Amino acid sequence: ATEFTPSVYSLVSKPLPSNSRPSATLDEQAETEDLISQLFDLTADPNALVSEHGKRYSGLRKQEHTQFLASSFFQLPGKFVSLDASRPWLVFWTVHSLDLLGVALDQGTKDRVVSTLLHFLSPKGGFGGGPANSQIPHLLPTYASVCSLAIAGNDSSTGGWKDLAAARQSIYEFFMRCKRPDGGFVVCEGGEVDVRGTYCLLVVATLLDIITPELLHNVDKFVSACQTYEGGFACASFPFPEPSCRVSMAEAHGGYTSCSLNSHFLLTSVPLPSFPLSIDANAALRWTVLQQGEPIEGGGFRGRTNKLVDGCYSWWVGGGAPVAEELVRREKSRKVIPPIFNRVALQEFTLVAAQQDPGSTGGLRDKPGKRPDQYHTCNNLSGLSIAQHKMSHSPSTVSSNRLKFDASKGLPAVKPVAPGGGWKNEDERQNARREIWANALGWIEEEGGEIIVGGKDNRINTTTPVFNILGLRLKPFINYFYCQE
């Protein structure tokens, strides 16, 4: 199971060579190598049977991390005003982290989460970063709010899902107001255009059964043209004057590669002709694995070439690996296994370098020397989950899902903005609902593929690739909106 995933402590650690050519990049790289390798040198190898004397123990300090997150349910200091337009993210980072850590909220606290988020929902459509009498709707808090309601809500009259169901038409209308002719979306009225908006929108549209042909037109082309010569994806593509061509607008980054791979994967479920336009999956897989750092930097991921490793890219880059793998498998299949990244080294980075020092605030962090925060806690743990559990998209599981789908059950069809913007007839709309639902529920944990570095007390729960919520949350949530059971 680990023949091709060597431990960082078993490899020779050496600095990135200078070639006798100093530069500012290399100065900061070498400083970061010293910082990470020194902490590994002070820490007992997690794979050892009895822990060494005098060294730090690297076990996952779940109770410290739980108490770090507890402040979300009382109050946050004044410095959090920089996140006052992102309060649904503060909710998501907290409640998804507690799910991964296996800590249950009581019903009263869940009801407070639900009630807070419903105050962020505008009647005209979508969630804002705060109360609807204060902030306008935005695609990114709409994803964070919808996912948080999947984690904390339920189907009762106080559970929030009923309110989401009643908002489906207005959320759809908000999404269509955001839509650009070239396939991009603004994140809000007058806002920026990049694949973060596309990802957040496609996740929500998939979960709530509000996908239409008019919503999706050119969305595949916008995303495909974000892929760079390095194989990852940039923030956006520019349409030159439907357009004569599209050009990517910056360098490949883990955050935008995650959003692009996940968006493209969601579009492959949609039964439209010649849709979605293909990406280069081999190049994206190559870019992904090349971002995993060397042993001297603890095997964490960097977000782009020649920058620094950072624990949050365990999710953004590591979590894209199963998606790229599946796209590669499909292409090999169309023409006619060992782990694809070092699943052991990534766990070692999480346990040894990304946890706050013991006996302190708790929380997980970017790198040693950085304060922990809720965002790095969520994304370190999400990436740790992908490393611990071998995730794959199972064709036989999708086939079983198709066989049980009941197309005669569901919520009212979206009314399109343009007269011919919907599906052609009920046969086509129901075929689309079946495919989109069945593929959304196609991710599995592979039997016998678990690797828990440091022993079973380090195990956390399994997240889902693409959505990043637990499968035990995803299934009853999406079943609610498609009226399946």
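In case it trips you up, residue 1 is the first one in the sequence shown, and so on. If you superpose the two forms and keep the largest set of C-alpha atoms that fall within 1.5 Å, you have the rigid core.
The segment moving more, judged by mean Cα distance from this form in 7 other deposited structures of this protein after a core overlay, is 73-81 among 177-185 and 73-81. Rigid core fits of the other structures in 7 other deposited structures of this protein place the C-alpha atoms of one stretch farther away on average; of 64-72 and 444-452, that stretch is 64-72. Unmodelled residues of the deposited sequence between neighbouring positions residue 336 and residue 337 number 10 or more. In this entry, no coordinate-free residues of the deposited sequence separate residue 273 from residue 274.
Here the stretch with the larger average CA B-factor, out of 458-466 and 16-24, is 16-24. Of the two segments, 276-284 and 256-264, the one listed with the higher mean B-factor is 276-284 (C-alpha atoms only). Highest C-alpha temperature factor among 206, 306, 379, 158 per the entry: 158. Note on 189, 106, 99, 220: the highest value goes to 106, judged by CA B factor as recorded. Ranked within its chain, residue 328 lands in the highest third, by CA B factor from the PDB record. Per-chain ranking of the deposited C-alpha B factor places residue 149 in the lowest third. Among all modelled residues in its chain, residue 383 ranks in the lowest third by Cα B-factor. Looking at the C-alpha B-factors along this chain, the one for residue 63 belongs to the lowest third. In the PDB entry, residue 297 places in the middle third of its chain by CA B-factor.
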